[PDB]
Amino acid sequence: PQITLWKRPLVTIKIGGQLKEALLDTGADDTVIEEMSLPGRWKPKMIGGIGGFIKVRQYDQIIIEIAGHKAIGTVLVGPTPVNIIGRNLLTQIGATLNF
């Protein structure tokens, strides 16, 4: 598919058995998902953005479906206003920027 940038590039994702809306984000190194009760072991992490840092939980080898395309990798969970799909997962679904 091709997505224009007139509006935020939001798509449907599936994670932990739940459907959510998330932003395809070429400026994010990491994938950050809103607070949810994911099972299993995690490691403490701090991540930065414009504004400063927030505390998150790092989960490894998490399955996520992005606009119908399957991926598996690291997902950070904590208090974000928007679910963001970063480059660690955009590469797995074959995404590029074109102009």
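One rule holds for the numbers: they count along the sequence shown, beginning at 1.
Legend: mean Cα B-factor per stretch from the PDB entry, 76 to 84 versus 20 to 28; the higher mean is in 76 to 84. In this crystal structure, the stretch out of 34 to 42 and 67 to 75 whose C-alpha atoms carry the higher mean B factor is 34 to 42. Among the modelled residues of its chain, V56 has a C-alpha B-factor that falls in the lowest third, as given in the PDB entry. When the modelled residues of the chain are ordered by C-alpha B-factor, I47 sits in the lowest third.
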